[PDB]
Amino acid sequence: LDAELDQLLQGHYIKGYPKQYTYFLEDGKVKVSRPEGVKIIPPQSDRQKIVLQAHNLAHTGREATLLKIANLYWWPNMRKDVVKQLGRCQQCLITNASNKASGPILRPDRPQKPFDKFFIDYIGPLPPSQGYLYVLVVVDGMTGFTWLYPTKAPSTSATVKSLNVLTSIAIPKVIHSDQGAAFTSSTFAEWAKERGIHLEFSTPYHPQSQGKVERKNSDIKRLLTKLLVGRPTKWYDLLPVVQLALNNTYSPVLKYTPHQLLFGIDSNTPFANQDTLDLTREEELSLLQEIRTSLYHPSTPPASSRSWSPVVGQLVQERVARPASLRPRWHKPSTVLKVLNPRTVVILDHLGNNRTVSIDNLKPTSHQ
């Protein structure tokens, strides 16, 4: 403060104030002759209020703030004081964008068997057809085999009606969904428990986690689109056609159709494959087990040069899901409790609840 600047004026040395410049008094203010010009050295107990005034002009970050301040002042380690404020500006922390990328995606193992894992999701609303508005899409994780059901609503009640029909064929170990109202209702949870099916949920607002079903939705819409060109969009009657078409389409990387992976033999559909005509069913099922274990598995891609990785105890901010106009895109800071894996974390929010969350919906709070 005014104590320290007394010492400096008479010609003593103070830590941080390079001895080799001329420090003088003028209009009751301590000044210094810097290469850029004369600047005022405010007392230490003045410095916070100065940094704040500068920052608040436009809520600028480090360098834009510094450049204003440096117009009138000099002191030792200005940017340290600049950064200290930026890390305490609530509006900046919750409004500004992140500038660090998530770590590279995981590629989970393919479910080992048909019926180990189902991924499910709604599509719509689409244009009314026969008074239906949505599709329930169910995709078996191992095979890619897909069931399609038209609904009037993305409701539990419709989901239960639909799965009751599908589960006639087989009961799956796990059903994976996103956190849509239909799948998180307790009516659904009961239905699952009744049948020893385990429910697994994606982290919120992260459809990649359900990538298999989401990617099937695309193909479903793409085929429906092609088939409807130049006609009115009456899709209801086409759903079964699309179902059969896709389940019998080859994935060029795998060289198999979902149907093949599910049954080990084509049914009576166009261009059916005849390669196992001479094997017994037992021999056919044996070769199927071999094919199922040796399918291509993609490996996690290289990290971008400016990715960040969650550490326990770190301050991080959840992305706001449906930000209103002129409202921040980020919630208040919170703390990483557990790192489930390099892409998923548990956070304590400030409220403070435990929230399981995708690294893609986080940014690491700047300036510690």
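The first residue of the shown sequence is 1; numbering continues from there.
As recorded in the PDB entry, 193-201 is the stretch of 213-221 and 193-201 with the greater mean C-alpha temperature factor.
For the pair 35-43 and 320-328, the record assigns the higher mean C-alpha temperature factor to 35-43. Across the residues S177, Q130, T146, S98, the deposited record lists the maximum Cα B factor for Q130.
Take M142, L279, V138, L227 and read off each C-alpha B-factor from the entry; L279 has the highest.
For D266, the recorded CA B-factor ranks within the lowest third of the chain. Only modelled residues enter the ranking.
Ranked within its chain, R306 lands in the middle third, by CA B factor from the PDB record. Among the modelled residues of the chain, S334 sits in the middle third by CA temperature factor in this PDB entry. In this PDB entry, the Cα temperature factor of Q274 sits in the top third of its chain's modelled residues, the highest group.
Ranked by Cα temperature factor within the chain, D237 sits in the middle third according to the deposited record.
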